[PDB]
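**Student:** Below is a structure I'd like to ask you about.
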Amino acid sequence: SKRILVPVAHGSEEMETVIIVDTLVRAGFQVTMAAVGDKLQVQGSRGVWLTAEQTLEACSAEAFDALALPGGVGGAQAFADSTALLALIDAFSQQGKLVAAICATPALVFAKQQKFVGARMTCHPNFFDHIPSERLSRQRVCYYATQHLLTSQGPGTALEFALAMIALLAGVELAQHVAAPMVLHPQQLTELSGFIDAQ
Amino acid sequence: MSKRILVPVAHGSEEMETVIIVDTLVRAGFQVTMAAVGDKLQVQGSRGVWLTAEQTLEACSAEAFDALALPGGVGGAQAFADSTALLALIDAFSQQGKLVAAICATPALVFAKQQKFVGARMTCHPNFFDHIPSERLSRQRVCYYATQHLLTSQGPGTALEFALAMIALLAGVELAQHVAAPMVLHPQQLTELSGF
Ligand SMILES: [Cl-]
Ligand SMILES: [Cl-]
Ligand code: NA
């Protein structure tokens, strides 16, 4: 039913977060921002307040089609330290649902807490050394179909990442229609249009 | 002294444009103040994301800042165009010799419609190109018109380029390149940052 869960924490990368939410809303998805902890507002890495609509403990995977995890170093660490967040990764993945993560999160959450063991993934370049060398992708956006896992690198790949999520969940045609107004760099747009064909 | 940037927000402001601007400028060590149009400090962005301002726009003065950065969003830009305070503030910044920057809907729905930066080259979102006199329209992703200290840009996908250009103009290309370095820009998005 085109429902996306976007956890946020103190220290989450706010432009990554908002790019994800906004882009998915443009695609007609119902996006829920859910806070780690017991305060619904959390302060992003660069001071921007992120106002969630519910707490992460109130979330259950059957209410969503996909999980999208922002980066930021402090935010990724907060995710890694959250019992509920780690459990949601397990729940989504064991329901066969797309899990998507960007920036520090694949390194500081997945690699550190044994999530998506054996999956190809990328992350922020400053954390490449956290990923097993034989599994590391240097793609700006990396999809690993076997474990329904989408990863990406940083603030400057966030739009590409969110559009790839749309392509996977709802088809490249909708992703292309959502991308056109956004004034992507021509290279970004070309790579989106070819993204599903490349699978 | 660290550069001070005013970022007005309104109901319907484009939240990814807004947050890209704020985050990127904070990465440069700048002091960034979000200020809300209307009587509430929290305003809902175009795609539902709540933006929490620190203070009211209507009590801001240009004297307290080094530059003004205006997000887009159709509803937000319309709110800006309907705000006497916002319009007078644009002129105060310009007449104090300061950079005024705007992206997407705003150069069309605010500057062109409310007769700001007459004579200036500017860009805007492609869907508003018809609002800009043909002899002044730039189709550049980022357009700087130095005579009037005016920086404009096109859309969500140009917002990072736009904010980096602001850093370059205010504090030098070295700082802009340092801020850009870890952010995983597409390599081709970084080729003209060199020359602001
Ligand atoms: Cl809009
Ligand atoms: Cl970064
Ligand atoms: Na106000």
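Chains: A, B, ... in order of the structure tokens. Residues: from 1 per chain. Ligands: from 1, in order shown.
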Return the neighbours of chain B among the residues of chain A, cut-off 10 Å, counting only C-alpha atoms, as a PyMOL selection string.

**Tutor:** chain A and resi 13-26+31+33+44-52+103+124-126+140+153-160+179-188

**Student:** Kindly save the residues from that selection, with N, CA and C atoms included, as a compact mmCIF listing (two decimals), in the first residue's frame.

**Tutor:**
```txt
# COMPACT_ATOMS: atom_id res chain seq x y z
N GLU A 13 21.17 12.68 9.80
CA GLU A 13 21.52 13.64 8.74
C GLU A 13 20.20 14.17 8.17
N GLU A 14 19.93 15.44 8.44
CA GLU A 14 18.62 16.00 8.16
C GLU A 14 18.34 16.17 6.68
N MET A 15 19.34 16.53 5.86
CA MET A 15 19.05 16.66 4.43
C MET A 15 18.81 15.28 3.83
N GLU A 16 19.56 14.27 4.26
CA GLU A 16 19.26 12.93 3.78
C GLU A 16 17.83 12.53 4.13
N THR A 17 17.47 12.75 5.39
CA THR A 17 16.15 12.41 5.87
C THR A 17 15.06 13.09 5.05
N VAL A 18 15.17 14.39 4.89
CA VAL A 18 14.12 15.16 4.25
C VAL A 18 14.08 14.89 2.75
N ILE A 19 15.23 14.67 2.12
CA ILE A 19 15.24 14.25 0.72
C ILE A 19 14.46 12.95 0.56
N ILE A 20 14.71 11.98 1.43
CA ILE A 20 14.00 10.71 1.36
C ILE A 20 12.51 10.93 1.52
N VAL A 21 12.11 11.62 2.58
CA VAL A 21 10.69 11.77 2.85
C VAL A 21 9.98 12.51 1.71
N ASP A 22 10.54 13.66 1.33
CA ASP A 22 9.93 14.52 0.32
C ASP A 22 9.80 13.76 -1.00
N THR A 23 10.88 13.13 -1.45
CA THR A 23 10.86 12.43 -2.72
C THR A 23 9.83 11.32 -2.73
N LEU A 24 9.75 10.56 -1.65
CA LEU A 24 8.76 9.50 -1.59
C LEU A 24 7.33 10.04 -1.54
N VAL A 25 7.11 11.16 -0.86
CA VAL A 25 5.80 11.77 -0.85
C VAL A 25 5.40 12.25 -2.26
N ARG A 26 6.36 12.76 -3.02
CA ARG A 26 6.13 13.15 -4.39
C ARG A 26 5.66 12.00 -5.26
N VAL A 31 4.37 8.24 4.02
CA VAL A 31 5.66 8.17 4.72
C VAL A 31 5.49 8.55 6.16
N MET A 33 7.53 9.22 9.65
CA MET A 33 8.80 9.50 10.32
C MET A 33 8.54 9.09 11.76
N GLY A 44 18.57 17.09 14.31
CA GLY A 44 19.47 16.57 13.32
C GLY A 44 20.91 16.98 13.54
N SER A 45 21.78 16.35 12.77
CA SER A 45 23.22 16.53 12.89
C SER A 45 23.70 17.97 12.75
N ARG A 46 23.00 18.77 11.97
CA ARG A 46 23.34 20.18 11.73
C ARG A 46 22.32 21.12 12.37
N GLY A 47 21.61 20.62 13.35
CA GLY A 47 20.77 21.45 14.20
C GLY A 47 19.31 21.50 13.78
N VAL A 48 18.95 20.95 12.63
CA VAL A 48 17.60 21.07 12.13
C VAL A 48 16.70 20.10 12.90
N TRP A 49 15.60 20.61 13.46
CA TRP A 49 14.66 19.77 14.19
C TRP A 49 13.83 18.93 13.24
N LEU A 50 13.81 17.62 13.51
CA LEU A 50 13.03 16.64 12.77
C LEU A 50 11.87 16.22 13.67
N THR A 51 10.65 16.49 13.21
CA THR A 51 9.45 16.24 13.97
C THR A 51 8.76 14.97 13.46
N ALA A 52 8.87 13.90 14.23
CA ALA A 52 8.26 12.64 13.88
C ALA A 52 6.81 12.61 14.31
N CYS A 103 24.63 6.43 3.71
CA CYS A 103 25.66 7.14 4.44
C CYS A 103 26.32 6.27 5.52
N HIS A 124 28.94 5.52 3.17
CA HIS A 124 29.75 6.73 3.00
C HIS A 124 31.22 6.35 2.81
N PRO A 125 31.92 6.99 1.87
CA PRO A 125 33.32 6.64 1.62
C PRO A 125 34.20 6.69 2.85
N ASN A 126 33.89 7.57 3.80
CA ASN A 126 34.72 7.67 4.99
C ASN A 126 34.54 6.47 5.92
N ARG A 140 27.32 4.60 -6.43
CA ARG A 140 26.59 5.65 -5.71
C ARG A 140 25.31 5.10 -5.09
N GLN A 153 25.48 6.29 -0.59
CA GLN A 153 26.69 6.84 0.02
C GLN A 153 26.57 8.10 0.87
N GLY A 154 25.79 9.11 0.49
CA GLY A 154 25.89 10.36 1.24
C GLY A 154 24.88 11.38 0.80
N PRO A 155 25.02 12.59 1.33
CA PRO A 155 24.08 13.65 1.03
C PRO A 155 23.87 13.83 -0.48
N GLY A 156 24.97 13.80 -1.23
CA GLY A 156 24.93 14.02 -2.66
C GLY A 156 24.42 12.87 -3.49
N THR A 157 24.15 11.72 -2.85
CA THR A 157 23.49 10.59 -3.52
C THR A 157 22.07 10.36 -3.03
N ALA A 158 21.57 11.19 -2.12
CA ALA A 158 20.31 10.91 -1.47
C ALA A 158 19.13 10.96 -2.45
N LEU A 159 19.13 11.93 -3.37
CA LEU A 159 18.07 12.01 -4.36
C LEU A 159 18.09 10.77 -5.27
N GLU A 160 19.28 10.39 -5.74
CA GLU A 160 19.43 9.19 -6.56
C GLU A 160 18.92 7.96 -5.82
N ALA A 179 11.20 12.18 -10.98
CA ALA A 179 12.53 12.77 -11.17
C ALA A 179 12.54 14.00 -12.07
N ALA A 180 11.70 14.04 -13.08
CA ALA A 180 11.82 15.07 -14.10
C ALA A 180 11.79 16.49 -13.50
N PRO A 181 10.82 16.81 -12.63
CA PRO A 181 10.79 18.16 -12.02
C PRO A 181 11.87 18.50 -11.04
N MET A 182 12.73 17.59 -10.75
CA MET A 182 13.57 17.87 -9.68
C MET A 182 14.90 18.50 -10.15
N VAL A 183 15.12 18.62 -11.47
CA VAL A 183 16.32 19.28 -12.04
C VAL A 183 17.58 18.55 -11.55
N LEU A 184 17.53 17.21 -11.65
CA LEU A 184 18.72 16.39 -11.48
C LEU A 184 19.77 16.81 -12.49
N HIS A 185 21.02 16.50 -12.15
CA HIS A 185 22.07 16.60 -13.12
C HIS A 185 21.72 15.58 -14.22
N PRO A 186 21.97 15.91 -15.49
CA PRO A 186 21.66 14.98 -16.57
C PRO A 186 22.17 13.54 -16.37
N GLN A 187 23.34 13.39 -15.74
CA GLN A 187 23.89 12.07 -15.48
C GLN A 187 23.04 11.31 -14.47
N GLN A 188 22.57 12.02 -13.44
CA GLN A 188 21.70 11.40 -12.44
C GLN A 188 20.42 10.88 -13.13
```

**Student:** Within 9 Å of residue 149 (chain B), counting only C-alpha atoms, which residues qualify if same-chain residues fewer than 5 places away don't, as a list in words?

**Tutor:**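 So, after excluding close chain neighbours, the residues are residues 94, 97, 98, 99, 100, 101 and 144 of chain B.
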
**Student:** Mind writing the picked residues with N, CA and C atoms as a PDB file, in the first residue's frame?

**Tutor:**
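Wrote it out as selection.pdb, contents follow:
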```
ATOM      1  N   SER B  94      19.513  43.878  -0.079  1.00  0.00           N
ATOM      2  CA  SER B  94      20.187  44.325  -1.280  1.00  0.00           C
ATOM      3  C   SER B  94      20.813  45.698  -1.117  1.00  0.00           C
ATOM      4  N   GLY B  97      23.999  45.996   0.549  1.00  0.00           N
ATOM      5  CA  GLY B  97      25.095  45.453  -0.215  1.00  0.00           C
ATOM      6  C   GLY B  97      25.278  43.956  -0.086  1.00  0.00           C
ATOM      7  N   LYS B  98      24.259  43.255   0.381  1.00  0.00           N
ATOM      8  CA  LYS B  98      24.380  41.844   0.759  1.00  0.00           C
ATOM      9  C   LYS B  98      23.791  40.915  -0.268  1.00  0.00           C
ATOM     10  N   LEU B  99      24.361  39.717  -0.304  1.00  0.00           N
ATOM     11  CA  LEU B  99      23.881  38.617  -1.141  1.00  0.00           C
ATOM     12  C   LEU B  99      22.441  38.239  -0.789  1.00  0.00           C
ATOM     13  N   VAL B 100      21.609  38.208  -1.824  1.00  0.00           N
ATOM     14  CA  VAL B 100      20.269  37.642  -1.786  1.00  0.00           C
ATOM     15  C   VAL B 100      20.285  36.457  -2.735  1.00  0.00           C
ATOM     16  N   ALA B 101      19.838  35.319  -2.225  1.00  0.00           N
ATOM     17  CA  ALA B 101      19.857  34.067  -2.939  1.00  0.00           C
ATOM     18  C   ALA B 101      18.463  33.455  -2.917  1.00  0.00           C
ATOM     19  N   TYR B 144      24.636  33.608 -11.018  1.00  0.00           N
ATOM     20  CA  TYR B 144      25.033  34.742 -10.195  1.00  0.00           C
ATOM     21  C   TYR B 144      25.079  35.994 -11.038  1.00  0.00           C
TER      22      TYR B 144
END
```

**Student:** Would you compute the distance between CA of residue 93 (chain A) and CA of residue 177 (chain A)? Give it in Å to one decimal.

**Tutor:**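 Interatomic distance here is 28.4 Å.
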
**Student:** Could you list the protein, DNA and RNA residues that have any atom within 10 Å of ligand 3, counting only C-alpha atoms and all ligand atoms, and write them as a ChimeraX atom specification?

**Tutor:** /B:8-10,35-43,53-60,83,85

**Student:** Give me a file of those residues, with C-alpha atoms, as a PDB file, in the first residue's frame.

**Tutor:**
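result.pdb, written as the output of this step:
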```pdb
ATOM      1  CA  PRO B   8      12.812  32.428   5.818  1.00  0.00           C
ATOM      2  CA  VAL B   9      10.298  29.616   5.817  1.00  0.00           C
ATOM      3  CA  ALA B  10       6.541  29.516   5.334  1.00  0.00           C
ATOM      4  CA  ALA B  35      12.588  32.447  10.534  1.00  0.00           C
ATOM      5  CA  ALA B  36       8.889  31.766   9.986  1.00  0.00           C
ATOM      6  CA  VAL B  37       6.412  33.850   8.017  1.00  0.00           C
ATOM      7  CA  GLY B  38       3.141  34.070   9.962  1.00  0.00           C
ATOM      8  CA  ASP B  39       2.262  33.680  13.629  1.00  0.00           C
ATOM      9  CA  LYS B  40       3.636  30.165  14.245  1.00  0.00           C
ATOM     10  CA  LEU B  41       7.278  29.124  14.529  1.00  0.00           C
ATOM     11  CA  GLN B  42       6.595  25.684  13.094  1.00  0.00           C
ATOM     12  CA  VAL B  43       5.310  25.586   9.530  1.00  0.00           C
ATOM     13  CA  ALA B  53      12.019  28.165  12.869  1.00  0.00           C
ATOM     14  CA  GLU B  54      13.957  29.847  15.674  1.00  0.00           C
ATOM     15  CA  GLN B  55      12.212  33.240  15.408  1.00  0.00           C
ATOM     16  CA  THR B  56       9.564  35.154  13.550  1.00  0.00           C
ATOM     17  CA  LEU B  57      10.434  36.515  10.109  1.00  0.00           C
ATOM     18  CA  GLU B  58       8.490  39.681  10.632  1.00  0.00           C
ATOM     19  CA  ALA B  59      10.799  40.926  13.422  1.00  0.00           C
ATOM     20  CA  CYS B  60      14.064  40.167  11.574  1.00  0.00           C
ATOM     21  CA  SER B  83       4.337  39.117   3.046  1.00  0.00           C
ATOM     22  CA  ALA B  85       7.786  42.130   5.736  1.00  0.00           C
TER      23      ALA B  85
END
```

**Student:** At a cut-off of 8 Å, using only C-alpha atoms, what residues contact residue 108 (chain B)? Leave out same-chain residues fewer than 4 positions from it and give the result as a JSON list (two decimals) with N, CA, C and O atoms, in the first residue's frame.

**Tutor:**
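So out-v9.json came out as:
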```json
[["chain", "number", "residue", "atom", "x", "y", "z"],
["B", 104, "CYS", "N", 14.32, 27.82, -7.20],
["B", 104, "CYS", "CA", 13.07, 27.18, -7.70],
["B", 104, "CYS", "C", 11.93, 28.15, -8.00],
["B", 104, "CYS", "O", 12.05, 28.97, -8.90],
["B", 112, "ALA", "N", 10.07, 38.15, -9.85],
["B", 112, "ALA", "CA", 9.46, 38.62, -11.10],
["B", 112, "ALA", "C", 8.09, 39.23, -10.81],
["B", 112, "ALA", "O", 7.80, 40.34, -11.25],
["B", 113, "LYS", "N", 7.25, 38.55, -10.04],
["B", 113, "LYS", "CA", 5.88, 39.02, -9.80],
["B", 113, "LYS", "C", 5.84, 40.29, -8.95],
["B", 113, "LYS", "O", 4.99, 41.16, -9.16],
["B", 124, "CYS", "N", 15.34, 30.12, -12.54],
["B", 124, "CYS", "CA", 14.27, 29.64, -11.68],
["B", 124, "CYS", "C", 13.92, 28.23, -12.13],
["B", 124, "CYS", "O", 14.56, 27.68, -13.01],
["B", 128, "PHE", "N", 8.68, 27.62, -14.49],
["B", 128, "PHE", "CA", 8.41, 29.06, -14.34],
["B", 128, "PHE", "C", 9.28, 29.93, -15.25],
["B", 128, "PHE", "O", 9.24, 31.15, -15.12],
["B", 129, "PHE", "N", 10.02, 29.33, -16.18],
["B", 129, "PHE", "CA", 10.87, 30.12, -17.09],
["B", 129, "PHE", "C", 10.05, 31.22, -17.79],
["B", 129, "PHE", "O", 10.56, 32.31, -18.00],
["B", 131, "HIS", "N", 7.95, 33.16, -16.69],
["B", 131, "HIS", "CA", 7.78, 34.34, -15.84],
["B", 131, "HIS", "C", 8.92, 35.34, -15.95],
["B", 131, "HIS", "O", 8.79, 36.47, -15.45],
["B", 132, "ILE", "N", 10.04, 34.94, -16.54],
["B", 132, "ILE", "CA", 11.24, 35.74, -16.57],
["B", 132, "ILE", "C", 11.39, 36.33, -17.97],
["B", 132, "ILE", "O", 11.31, 35.61, -18.95]]
```

**Student:** Tell me, as a ChimeraX atom specification, which residues lie within 10 Å of residue 106 (chain B), counting only C-alpha atoms; anything in the same chain fewer than 4 positions away does not count.

**Tutor:** /B:13,70-78,80-81,101-102,110-113,123-125,128,152-154

**Student:** Please produce an output containing N, CA, C and O atoms for each residue in the selection, written as an mmCIF file, in the first residue's frame.

**Tutor:**
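That gives us result-v8.cif:
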```cif
data_model
loop_
_atom_site.group_PDB
_atom_site.id
_atom_site.type_symbol
_atom_site.label_atom_id
_atom_site.label_comp_id
_atom_site.auth_asym_id
_atom_site.auth_seq_id
_atom_site.Cartn_x
_atom_site.Cartn_y
_atom_site.Cartn_z
ATOM 1 N N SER B 13 6.662 25.967 2.056
ATOM 2 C CA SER B 13 8.036 25.980 1.607
ATOM 3 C C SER B 13 8.487 24.566 1.245
ATOM 4 O O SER B 13 8.062 23.591 1.837
ATOM 5 N N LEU B 70 16.409 32.321 0.222
ATOM 6 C CA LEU B 70 14.991 32.045 0.107
ATOM 7 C C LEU B 70 14.728 30.696 -0.553
ATOM 8 O O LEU B 70 15.018 30.518 -1.737
ATOM 9 N N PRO B 71 14.198 29.720 0.197
ATOM 10 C CA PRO B 71 13.746 28.459 -0.390
ATOM 11 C C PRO B 71 12.597 28.701 -1.356
ATOM 12 O O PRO B 71 11.932 29.744 -1.283
ATOM 13 N N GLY B 72 12.357 27.722 -2.200
ATOM 14 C CA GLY B 72 11.186 27.652 -3.051
ATOM 15 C C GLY B 72 10.031 26.905 -2.420
ATOM 16 O O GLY B 72 9.804 26.973 -1.215
ATOM 17 N N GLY B 73 9.309 26.177 -3.265
ATOM 18 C CA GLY B 73 8.004 25.636 -2.917
ATOM 19 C C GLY B 73 6.952 26.614 -3.390
ATOM 20 O O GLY B 73 7.040 27.798 -3.079
ATOM 21 N N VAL B 74 5.961 26.152 -4.146
ATOM 22 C CA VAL B 74 4.982 27.079 -4.700
ATOM 23 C C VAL B 74 4.186 27.790 -3.600
ATOM 24 O O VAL B 74 4.081 29.024 -3.591
ATOM 25 N N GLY B 75 3.658 27.037 -2.652
ATOM 26 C CA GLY B 75 2.908 27.663 -1.582
ATOM 27 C C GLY B 75 3.766 28.575 -0.721
ATOM 28 O O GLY B 75 3.326 29.633 -0.319
ATOM 29 N N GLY B 76 4.995 28.178 -0.464
ATOM 30 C CA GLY B 76 5.894 29.008 0.312
ATOM 31 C C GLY B 76 6.253 30.288 -0.401
ATOM 32 O O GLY B 76 6.250 31.360 0.206
ATOM 33 N N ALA B 77 6.560 30.188 -1.676
ATOM 34 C CA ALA B 77 6.874 31.381 -2.463
ATOM 35 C C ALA B 77 5.686 32.323 -2.551
ATOM 36 O O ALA B 77 5.860 33.540 -2.473
ATOM 37 N N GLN B 78 4.481 31.769 -2.662
ATOM 38 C CA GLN B 78 3.289 32.610 -2.661
ATOM 39 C C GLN B 78 3.134 33.318 -1.323
ATOM 40 O O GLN B 78 2.735 34.474 -1.267
ATOM 41 N N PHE B 80 5.599 34.122 0.675
ATOM 42 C CA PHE B 80 6.626 35.145 0.652
ATOM 43 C C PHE B 80 6.132 36.377 -0.119
ATOM 44 O O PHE B 80 6.331 37.511 0.309
ATOM 45 N N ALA B 81 5.536 36.157 -1.281
ATOM 46 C CA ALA B 81 5.084 37.257 -2.131
ATOM 47 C C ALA B 81 3.947 38.057 -1.475
ATOM 48 O O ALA B 81 3.765 39.251 -1.758
ATOM 49 N N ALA B 101 19.838 35.319 -2.225
ATOM 50 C CA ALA B 101 19.857 34.067 -2.939
ATOM 51 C C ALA B 101 18.463 33.455 -2.917
ATOM 52 O O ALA B 101 17.791 33.492 -1.878
ATOM 53 N N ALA B 102 18.024 32.864 -4.029
ATOM 54 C CA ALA B 102 16.697 32.235 -4.067
ATOM 55 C C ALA B 102 16.681 31.111 -5.066
ATOM 56 O O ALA B 102 17.361 31.158 -6.103
ATOM 57 N N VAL B 110 8.203 35.421 -6.535
ATOM 58 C CA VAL B 110 8.528 36.565 -5.680
ATOM 59 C C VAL B 110 9.200 37.643 -6.505
ATOM 60 O O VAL B 110 8.624 38.708 -6.680
ATOM 61 N N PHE B 111 10.377 37.396 -7.063
ATOM 62 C CA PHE B 111 11.113 38.499 -7.674
ATOM 63 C C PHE B 111 10.422 39.026 -8.917
ATOM 64 O O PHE B 111 10.197 40.219 -9.062
ATOM 65 N N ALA B 112 10.067 38.150 -9.847
ATOM 66 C CA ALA B 112 9.456 38.618 -11.097
ATOM 67 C C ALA B 112 8.091 39.231 -10.810
ATOM 68 O O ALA B 112 7.805 40.335 -11.253
ATOM 69 N N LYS B 113 7.252 38.552 -10.039
ATOM 70 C CA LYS B 113 5.884 39.022 -9.799
ATOM 71 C C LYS B 113 5.841 40.292 -8.947
ATOM 72 O O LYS B 113 4.993 41.158 -9.156
ATOM 73 N N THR B 123 17.779 32.764 -12.964
ATOM 74 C CA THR B 123 17.121 31.530 -13.315
ATOM 75 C C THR B 123 16.055 31.207 -12.288
ATOM 76 O O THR B 123 15.873 31.927 -11.297
ATOM 77 N N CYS B 124 15.342 30.121 -12.543
ATOM 78 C CA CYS B 124 14.273 29.641 -11.681
ATOM 79 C C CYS B 124 13.918 28.227 -12.127
ATOM 80 O O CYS B 124 14.559 27.679 -13.011
ATOM 81 N N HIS B 125 12.878 27.634 -11.556
ATOM 82 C CA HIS B 125 12.496 26.315 -12.009
ATOM 83 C C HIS B 125 12.085 26.390 -13.480
ATOM 84 O O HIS B 125 11.404 27.345 -13.874
ATOM 85 N N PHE B 128 8.675 27.624 -14.486
ATOM 86 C CA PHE B 128 8.412 29.055 -14.338
ATOM 87 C C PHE B 128 9.278 29.926 -15.252
ATOM 88 O O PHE B 128 9.244 31.146 -15.122
ATOM 89 N N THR B 152 20.634 32.878 -8.017
ATOM 90 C CA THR B 152 19.428 32.112 -8.215
ATOM 91 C C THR B 152 19.737 30.714 -8.719
ATOM 92 O O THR B 152 20.816 30.442 -9.255
ATOM 93 N N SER B 153 18.786 29.804 -8.523
ATOM 94 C CA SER B 153 18.976 28.433 -8.961
ATOM 95 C C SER B 153 17.625 27.775 -9.200
ATOM 96 O O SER B 153 16.573 28.374 -8.968
ATOM 97 N N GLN B 154 17.634 26.547 -9.714
ATOM 98 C CA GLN B 154 16.455 25.953 -10.355
ATOM 99 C C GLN B 154 15.577 25.009 -9.574
ATOM 100 O O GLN B 154 14.381 25.019 -9.806
#
```

**Student:** Give me every strand (DSSP E or B) residue in region 69-186 of chain A, going by DSSP on the backbone, as a ChimeraX atom specification.

**Tutor:** /A:69,98-102,121,136,141-144,149-152

**Student:** What is the distance between CA of residue 133 (chain A) and CA of residue 102 (chain A), in Å to one decimal?

**Tutor:** 18.0 Å

**Student:** Just list the residues in region 55-172 of chain A DSSP gives alpha helix (DSSP H) on the backbone, as a ChimeraX atom specification.

**Tutor:** /A:73-80,83-93,105,158-170,172

**Student:** For the atom pair CA of residue 172 (chain A) and CA of residue 105 (chain B), what is the interatomic distance in Å to one decimal place?

**Tutor:**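 Separation of CA of residue 172 (chain A) and CA of residue 105 (chain B): 26.5 Å.
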
**Student:** Go through B:31, B:103, B:5, B:88 and flag the residue nearest ligand 1, using only C-alpha atoms and all ligand atoms for the distances.

**Tutor:**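 With only C-alpha atoms and all ligand atoms as the atom set, the closest residue is B:103.
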
**Student:** Would you pick out the contacts of residue 132 (chain A) at 10 Å or less, using only C-alpha atoms, so that residues sharing its chain but fewer than 4 positions from it are not included, and give the list as a PyMOL selection string?

**Tutor:** chain A and resi 111+117-121+128+136-137

**Student:** Of the candidates A:100, A:81, A:74, A:88, which shows the shortest atom-to-atom distance to residue 57 (chain A), using only C-alpha atoms?

**Tutor:**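 Distance minimum relative to residue 57 (chain A) lands on A:88.
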